[PDB]
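Shown next as structure tokens: one chain only, the form deposited in one PDB entry.
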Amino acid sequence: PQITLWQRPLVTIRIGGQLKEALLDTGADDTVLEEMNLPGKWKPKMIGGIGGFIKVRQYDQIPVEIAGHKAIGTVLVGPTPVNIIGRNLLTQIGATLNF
């Protein structure tokens, strides 16, 4: 699909058997989701945003379905204003910016 940017590029994703809304974020290196329980062991990590650094839980090799497209990678869980799908997963589904 082709997505215009008049509205936030929010799409439905499936993760851990649950449905969630996430922003397709080209300005994010990583994928960060709001606090939720995910199967598997997690490692403490710190990432930076516009307002500073936050502590997150790092989950590896997690399958995520983005608008029907499959991806399996690192997912971070922590205090974020919105769920974001970063470049680590966007590259897996072949997402590109065009103009």
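Residue numbers here begin at 1 and follow the sequence given. Definition used throughout: the rigid core is the maximal C-alpha set that superposes within 1.5 Å between two forms.
- Comparing the deposited coordinates for 4-12 and 88-96, the stretch with the larger average C-alpha B-factor is 4-12.
- Set 14-22 against 74-82 and average the Cα temperature factors; 14-22 ends up higher.
- In the PDB entry, the Cα temperature factor peaks, among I54, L38, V64, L33, at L38.
- In this PDB entry, the Cα temperature factor of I47 sits in the middle third of its chain's modelled residues.
The protein also exists as the form deposited in another entry; that form is not presented, and the subsequent description refers to it.
- Looking at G49, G68, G40, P63 after a core superposition between this form and the one not shown, you find that only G49 has a C-alpha shift of 2 Å or more.
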